Amino acid sequence: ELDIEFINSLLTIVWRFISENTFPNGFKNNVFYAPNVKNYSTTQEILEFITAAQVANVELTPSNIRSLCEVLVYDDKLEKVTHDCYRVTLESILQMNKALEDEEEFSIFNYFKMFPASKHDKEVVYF
Amino acid sequence: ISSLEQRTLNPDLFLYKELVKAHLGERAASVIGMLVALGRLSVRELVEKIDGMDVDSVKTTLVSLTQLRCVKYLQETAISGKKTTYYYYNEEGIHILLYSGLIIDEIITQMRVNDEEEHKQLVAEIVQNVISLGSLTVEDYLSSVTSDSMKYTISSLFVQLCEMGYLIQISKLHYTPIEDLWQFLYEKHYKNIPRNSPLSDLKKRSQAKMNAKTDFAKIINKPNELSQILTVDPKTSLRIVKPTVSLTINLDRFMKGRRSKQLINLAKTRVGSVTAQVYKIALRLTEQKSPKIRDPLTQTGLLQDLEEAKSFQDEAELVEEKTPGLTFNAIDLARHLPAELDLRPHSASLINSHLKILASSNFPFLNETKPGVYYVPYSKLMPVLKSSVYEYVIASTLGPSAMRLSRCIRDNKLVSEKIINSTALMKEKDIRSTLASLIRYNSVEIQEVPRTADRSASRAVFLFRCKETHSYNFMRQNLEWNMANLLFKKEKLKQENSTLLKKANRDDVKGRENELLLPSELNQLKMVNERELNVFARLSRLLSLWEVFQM
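Residue numbers (the deposited numbering), protein chains in the order written: chain P, 169 to 197, 205 to 272, 283 to 312; chain O, 34 to 377, 447 to 653.
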């Protein structure tokens, strides 16, 4: 509703709850199953859960929570599955912060910085 | 203090002049600088462009650049009959100078599955001078060694390594340009016609073409055909190398193994952690028979029409699932699956359990024809491999919010800013800032509407495309410039510390416990060779990002 910045908090517990259907989250510190378990939960289950854990807003309505999770398939915190449903990707679980691997690009979160030397490379410099 | 002269260089001319000025001298860079900057060149043309070396000192370099595969010449003549060699450049002779630390530490890690031995020091030494000399036979390297206990050992691993790839013999096809190798081969199948044949000219064109298409694929696989291995048990050792051939290194098997290194890294962030290891051995088996990272038939022309690109996509999707090496099942993985996997003993049924999960992900890791028979797609995953790593280099650098728009513009594919803040959830000046810091790169274009007659921006709404190739070719060479800038500051640092490094080589050949010097510069030498190794650290880190868009 003209962008109250409370909505940055509600989709996180939406994201946390849709992650709970994948696996018990105590293993991320790593058991997974075949495609016989139902790791996913359709949007016609969370829309009751968001009314179950109710917020003091005015609508709590469906047919736009299906697009409120579409920013989380744009933020790549969950992927779509079975043409109408959504489930949390593996890479977004890694927000909790061992021989470190040889420069995976996909761990953008844990690569460190450096006090100013001369031999660095920045993206902009070819401007 | 800010390198602005180098911001205006052609980032492939600025790269290729730096991968030879550091390795070769400053005379090889002057020759190959003109070859990039002027295309095809003779010898009598190079002596008019360089102006500072004569006709024979350039011929000192030309017989040395062709030794290191950095020149892909052609010896052709005109109709008058003068045979004038037009030397060219080639990139894969320069990429072996670029990948040169990765090639050694790839063949080390690939030859730890055959012998638990110090070959990781020993096979690294034999590959160290197949690159530094470019082309060589085996017996001249066998001439330098003396002990037959090791001479038989290195001759055993030569044919063992060449068995599974990584080395083929040299040929003229290695030193002839593919587009000029094609058209001469295209004209073999044009003048072989009967004179005044009644065939129509478009069918006359197609008669020359498809006869040459399988003929062009034949010539490329002639060094890929293992006829060099044919030296079978003259006294013992049922297969050894051929002595009389000049044995070089190929890159198309290295880059293919380098592509497979990228795909396991994509899998570790999407589909489990233990099942990605199963995916690693899966692609490692069906590896040498895989198609190239780039069809050389594409760069022969052949895209003037629309249908030949469709003809290329026929055989591209053909080979990824109709090749007798590239069709595998869950039965065959346990034959090369090592110990200590611990998938809670190993059995092929639980293999097929974690082979099923590599099909249900949104990334096409492993689809299947038959329910046991899995295969990895290449025409379908490689155009979504680069799209995934491009979204996180934007996310790491331009913030995570810039990742959100770059995908929201990607699927909506003609979206406007009234539709952005409906399908995004940020404040509108924050939208109009992070979009503004994203049009500066080619990640999005802007599609204007001319509401009036002229194309005025006063009363007009703008739309936002997301072109693939304009956004990628810019990111391809933003890295390539940064890759070359980084070696420029490497060489400039070694050249200004030359009197240190000359003292570090001469006075203290062995006596480096005291340097025969003062401690006020060995610490200064410590912060030189640290930065001299830290710059190649950032090189290999950058080079993995760069080679994605090469495929």
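Built from N, CA and C at the ideal position, the CB exists for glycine as well.
Partners in chain O for residue i, counting only beta-carbon separations shorter than 8 Å
| i | result |
| --- | --- |
| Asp306 of chain P | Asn584, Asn587, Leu588, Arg640 and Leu644 |
| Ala209 of chain P | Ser455, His456, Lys458 and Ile459 |
Inter-residue CB distance, residue i and residue j (contact presumed, cutoff 8 Å)
| i | j | result |
| --- | --- | --- |
| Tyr208 of chain O | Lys105 of chain O | 5 Å |
| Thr333 of chain O | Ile211 of chain O | 6 Å |
| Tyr312 of chain O | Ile297 of chain O | 6 Å |
| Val246 of chain P | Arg506 of chain O | 7 Å |
| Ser539 of chain O | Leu500 of chain O | 6 Å |
| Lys592 of chain O | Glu634 of chain O | 7 Å |
| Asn469 of chain O | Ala461 of chain O | 6 Å |
| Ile548 of chain O | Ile541 of chain O | 7 Å |
| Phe651 of chain O | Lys488 of chain O | 6 Å |
| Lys529 of chain O | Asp171 of chain P | 5 Å |
| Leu483 of chain O | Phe465 of chain O | 7 Å |
| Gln229 of chain P | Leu235 of chain P | 7 Å |
| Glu354 of chain O | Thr471 of chain O | 6 Å |
| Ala562 of chain O | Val551 of chain O | 5 Å |
Neighbourhood of residue i by C-beta, 6 Å cutoff - its chain only, sequence neighbours within 5 removed
| i | result |
| --- | --- |
| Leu589 of chain O | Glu51 |
| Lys531 of chain O | none |
Same chain, Cβ closer than 8 Å to residue i, five either side skipped, listed in chain order
| i | result |
| --- | --- |
| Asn257 of chain O | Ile201 |
| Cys510 of chain O | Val517, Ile522, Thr525 and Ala526 |
| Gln216 of chain O | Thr333 and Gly334 |
| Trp648 of chain O | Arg578, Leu581, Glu582 and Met585 |
| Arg643 of chain O | none |
| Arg640 of chain O | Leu588 |
| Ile140 of chain O | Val156, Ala157, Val160, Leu194 and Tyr199 |
| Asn272 of chain P | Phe294 and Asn295 |
Beta-carbon neighbours of residue i, restricted to chain P and to distances below 8 Å
| i | result |
| --- | --- |
| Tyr494 of chain O | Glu290, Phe291 and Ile293 |
| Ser306 of chain O | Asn205 |
| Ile314 of chain O | Under the 8 Å cutoff, chain P gives no residues; its nearest Cβ is about 17 Å from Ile314 of chain O. |
| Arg506 of chain O | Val246, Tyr249 and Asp250 |
Residues of its chain near residue i, where Cβ-Cβ distance is below 7 Å and the 5 sequence neighbours each way are ignored
| i | result |
| --- | --- |
| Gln39 of chain O | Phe47, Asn587 and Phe590 |
| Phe576 of chain O | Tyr543 and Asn544 |
| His128 of chain O | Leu284 |
| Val192 of chain O | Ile262, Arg272, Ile273 and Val274 |
| residue 406 of chain O | Because chain O is numbered from 377 directly to 447, the model contains no atoms for residue 406 of chain O. |
| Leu169 of chain O | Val163, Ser279 and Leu280 |
| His448 of chain O | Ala367 and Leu370 |
| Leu452 of chain O | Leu376 |
Under 9 Å by beta carbon: chain P residues contacting residue i
| i | result |
| --- | --- |
| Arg40 of chain O | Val310, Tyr311 and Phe312 |
| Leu647 of chain O | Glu288 and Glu290 |
| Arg327 of chain O | Simply none; closest approach about 21 Å. |
| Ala367 of chain O | Under the 9 Å cutoff, chain P gives no residues; its nearest Cβ is about 18 Å from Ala367 of chain O. |
| residue 417 of chain O | The model of chain O omits the segment between 377 and 447, and residue 417 of chain O is among the residues lacking coordinates. |
Cross-chain neighbours of residue i in chain O, by beta carbon under 9 Å
| i | result |
| --- | --- |
| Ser303 of chain P | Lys591, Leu595 and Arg633 |
| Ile175 of chain P | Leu527 |
Cross-chain neighbours of residue i in chain P, by beta carbon under 7 Å
| i | result |
| --- | --- |
| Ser498 of chain O | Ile293 |
| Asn580 of chain O | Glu308 and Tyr311 |
| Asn636 of chain O | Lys304 |
| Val517 of chain O | Near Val517 of chain O there are no residues of chain P at all, since even the closest Cβ is about 12 Å away, more than 7 Å. |
| residue 416 of chain O | Between 377 and 447, chain O has no modelled residues, and residue 416 of chain O is one of the positions in that gap. |
Assess contact between the segment 131-143 of chain O and the segment 276-287 of chain O, defined as three or more Cβ pairs (one per stretch) separated by less than 8 Å. Is contact present? With a cut-off of 8 Å, the segment 276-287 of chain O and the segment 131-143 of chain O count as touching, because enough Cβ pairs lie within range.
Below 8 Å, can you find three or more Cβ-Cβ pairs linking the segment 505-517 of chain O to the segment 557-569 of chain O? Counting Cβ pairs under 8 Å, three or more are found: they touch.
Which of the residues in the segment 216-243 of chain P, read from start to end, lie with their CB under 9 Å from any CB of chain O? Residues are counted here when their Cβ sits less than 9 Å from a Cβ of chain O; for the segment 216-243 of chain P these are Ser242 and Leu243, given in chain order.
What are the residues in the segment 525-545 of chain O lying within 9 Å of chain P by C-beta distance? Contact residues of the segment 525-545 of chain O toward chain P are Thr525, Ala526, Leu527, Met528, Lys529, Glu530, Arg542 and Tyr543 (C-beta to C-beta distance below 9 Å).
Touch check for the segment 187-206 of chain O and the segment 227-234 of chain O: three-plus C-beta pairs under 8 Å? Verdict: no, contact absent.
Inter-stretch contact (C-beta, 8 Å, three-pair minimum) for the segment 62-71 of chain O and the segment 92-107 of chain O: Result yes; three or more Cβ-Cβ pairs closer than 8 Å.
Check each residue of the segment 245-270 of chain P: if its Cβ is closer than 9 Å to any Cβ of chain O, include it; give the result in chain order. Going along the segment 245-270 of chain P in chain order, one finds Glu245, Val246, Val248, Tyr249, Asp250, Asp251, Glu254, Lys255, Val256, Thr264, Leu265, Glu266 and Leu269 with a Cβ nearer than 9 Å to chain O.
Can at least three beta-carbon pairs, one atom from the segment 267-281 of chain O and one from the segment 140-158 of chain O, be found at a separation below 8 Å? Short answer: they don't touch.
Any contact of the segment 349-367 of chain O with the segment 476-493 of chain O, i.e. 3+ C-beta pairs under 8 Å? Yes, they touch.
Tell me which residues of the segment 139-164 of chain O have at least one Cβ-Cβ distance to chain P shorter than 8 Å, keeping chain order. Result list empty, no residue passes.
Evaluate the contact criterion for the segment 243-253 of chain O versus the segment 210-224 of chain O: three or more CB pairs, one atom per stretch, below 8 Å. Three or more beta-carbon pairs separated by less than 8 Å link the segment 243-253 of chain O to the segment 210-224 of chain O, which places the two stretches in contact.
Taking any Cβ of chain P, which residues in the segment 458-489 of chain O have a Cβ under 7 Å from it, in chain order? Answer set for the segment 458-489 of chain O: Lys458, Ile459, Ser462 and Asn464.
Report yes or no: do three or more beta-carbon pairs, one from the segment 68-77 of chain O and one from the segment 605-623 of chain O, lie closer than 8 Å? Judged by Cβ distances under 8 Å, the segment 68-77 of chain O makes no contact with the segment 605-623 of chain O, as fewer than three pairs qualify.
Check whether the segment 242-257 of chain P touches the segment 171-191 of chain P, counting contact only when three or more Cβ pairs, one atom from each stretch, lie closer than 8 Å. In the pairwise beta carbon analysis, the segment 242-257 of chain P is classified as touching the segment 171-191 of chain P: at least three pairs are separated by under 8 Å.
Closer than 8 Å, Cβ to any Cβ of chain P: which residues of the segment 275-307 of chain O, in chain order? Hits within the stretch, in order: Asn298, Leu299, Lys301, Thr302, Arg303, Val304, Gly305, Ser306 and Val307.
Cβ contact check for the segment 252-261 of chain P and the segment 205-213 of chain P: 3 or more pairs under 8 Å: No: fewer than three Cβ pairs fall under 8 Å.
So does the segment 288-308 of chain P actually touch the segment 298-305 of chain O, counting three or more Cβ pairs closer than 8 Å? Yes: at least three Cβ pairs fall under 8 Å.
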